[PDB]
Protein chains: 2
Amino acid sequence: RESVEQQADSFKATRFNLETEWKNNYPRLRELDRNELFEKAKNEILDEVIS
Amino acid sequence: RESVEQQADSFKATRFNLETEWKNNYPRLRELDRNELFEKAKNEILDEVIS
């Protein structure tokens, strides 16, 4: 119980730092996982094919 | 055997007519099924959220 409280606060702070870095570097972008990036990449490829 | 040959030619001609209609109406677009349209629609929604 004592350990998990400390870990939860540390994890929340760590996640906040990661989010702050994302905003500072990529404020106008959206975070996507590996699968979603693959879907976005293929759609762009199809657009270039049409263009 | 005789019937399937006639059907295959008719199906090919019918598909050609559908493709010709697609080009005449939507030359600069890509045909997608119901599922793919849902994926495209949600991505546009997320873009508007960011904008």
# chains A, B, ... in the order shown; residues from 1 in each chain; ligands from 1
call {"tool": "closest_atom_pairs", "arguments": {"of": "chain B", "to": "chain A", "cutoff": "8 Å", "atoms": "only C-alpha atoms", "output": "JSON lines"}}
result
{"residue": "B:28", "atom": "CA", "partner": "A:50", "partner_atom": "CA", "distance": 6.9}
{"residue": "B:29", "atom": "CA", "partner": "A:50", "partner_atom": "CA", "distance": 7.6}
{"residue": "B:30", "atom": "CA", "partner": "A:50", "partner_atom": "CA", "distance": 7.8}
{"residue": "B:50", "atom": "CA", "partner": "A:28", "partner_atom": "CA", "distance": 6.9}
call {"tool": "select_by_dssp", "arguments": {"residues": "chain A", "states": "helix (DSSP H, G or I)", "output": "number ranges by chain"}}
result
A: 2-25, 34-50
call {"tool": "residues_around", "arguments": {"residues": "residue 31 (chain A)", "least_positions_apart": "4", "cutoff": "10 Å", "atoms": "only C-alpha atoms", "output": "compact mmCIF listing (two decimals) with N, CA, C and O atoms, in the first residue's frame"}}
result
# COMPACT_ATOMS: atom_id res chain seq x y z
N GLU A 19 4.23 14.21 -21.65
CA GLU A 19 3.23 15.02 -22.34
C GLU A 19 3.75 16.43 -22.59
O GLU A 19 3.52 17.01 -23.66
N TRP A 22 6.03 16.37 -25.50
CA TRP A 22 5.27 16.24 -26.74
C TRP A 22 4.70 17.58 -27.18
O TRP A 22 4.77 17.94 -28.37
N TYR A 26 5.93 18.76 -30.59
CA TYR A 26 4.88 18.51 -31.56
C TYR A 26 3.55 19.00 -31.00
O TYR A 26 2.71 18.21 -30.55
N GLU A 36 -1.42 2.49 -35.88
CA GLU A 36 -2.12 3.65 -36.45
C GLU A 36 -1.24 4.41 -37.42
O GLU A 36 -1.72 4.93 -38.44
N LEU A 37 0.06 4.52 -37.12
CA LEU A 37 0.98 5.17 -38.04
C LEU A 37 1.04 4.43 -39.37
O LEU A 37 1.15 5.05 -40.44
